[PDB]
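See below for the structure under consideration.
Every residue, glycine among them, receives a Cβ derived from its backbone with ideal geometry; neighbour counts consider all protein chains shown. None of the figures in this text is laboratory data; all of them are computed from the coordinates on show.
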Amino acid sequence: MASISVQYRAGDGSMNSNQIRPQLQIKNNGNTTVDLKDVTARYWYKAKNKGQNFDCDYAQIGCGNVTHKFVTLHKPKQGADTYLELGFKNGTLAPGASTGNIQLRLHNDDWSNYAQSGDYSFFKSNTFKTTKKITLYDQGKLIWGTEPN
């Protein structure tokens, strides 16, 4: 399988703000290329039955090349009742290459504050960290990380 992983950190100050601010990178750790069009990422969290809204503020690969959708889970899980799924229109990663930064913001329809501490894919961190809690897929097959249970 493709060997890719996600580096992430929450945007500073975002935790109890009115925005979820995932900062992500996807790196190809393997010895094969990766076609990003086949790759999706899922950021799992509790939207708590509030309508969700997406912005891409900047991506090294170009925000216009990033796709998104929100998916409500059948029923809530620990740490998640929704995921944001990211996809890509194009782009490849050679072995060792990274997407570079993908800087996103999510907000509730009513711009109310989130309380993100319990969100499966959320954590505060001083720097980008590898995380197993943002999952990656190759044509929909899980290839990085662990989904909430």
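Is it the case that some residue within segment 118-129 is in contact (Cβ under 8 Å) with a residue 12 or more places away in the chain, surrounded by 12 or more Cβ atoms within 10 Å (Cβ to Cβ) and of a type in the set (D, E, K, R)?
Looking for residues that are in contact (Cβ under 8 Å) with a residue 12 or more places away in the chain, surrounded by 12 or more Cβ atoms within 10 Å (Cβ to Cβ) and of a type in the set (D, E, K, R), one finds at least one in segment 118-129, hence yes.
Tell me which residues, restricted to segment 94-143, are over 19 Å from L24 (Cβ atoms), assigned to a loop (DSSP other than H, G, I, E, B) and of a type in the set (S, T, N, Q).
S112, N113, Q139 - these are the residues of segment 94-143 that are over 19 Å from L24 (Cβ atoms), assigned to a loop (DSSP other than H, G, I, E, B) and of a type in the set (S, T, N, Q).
What are the pairs with Cβ atoms under 7 angstrom where one residue, in segment 53-65, is in contact (Cβ under 8 Å) with a residue 40 or more places away in the chain and the other, located anywhere, is assigned to a loop (DSSP other than H, G, I, E, B) and of a type in the set (V, I, T)? Sequence gap at least six, or different chains.
Going by the 7 Å Cβ cut-off, the qualifying pairs are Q60/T99; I61/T99.
Within segment 1-26, which residues are outside any loop (DSSP other than H, G, I, E, B) and aliphatic (A, V, I, L, M)?
Once the filter is applied, which keeps residues that are outside any loop (DSSP other than H, G, I, E, B) and aliphatic (A, V, I, L, M), segment 1-26 yields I4, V6, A10, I20, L24, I26.
Residues that are of a type outside the set (S, T, Y) and within 20 Å of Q139 (Cβ to Cβ): does segment 9-21 have at least one?
The answer is no; no qualifying residue exists.
Would you call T135 under 17 Å from the mean Cα position of the chain (by Cα) and under 11 Å from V39 (Cα atoms)?
When the stated conditions are applied, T135 passes them.
If I ask for residues that are part of a strand (DSSP E or B), surrounded by 13 or more Cβ atoms within 10 Å (Cβ to Cβ), out of contact with any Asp or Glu (no Cβ under 9 Å at 6 or more places or on another chain) and not polar (S, T, N, Q), which ones from segment 59-82 would you list?
The answer is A59, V66, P76, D81.
Of the residues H74, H68, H107, which is without any contact (Cβ under 8 Å) to a residue 12 or more places away in the chain and either within 23 Å of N16 (Cβ to Cβ) or out of contact with any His (no Cβ under 7 Å at 6 or more places or on another chain) (or both)?
From the options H74, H68, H107, the qualifying one is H74.
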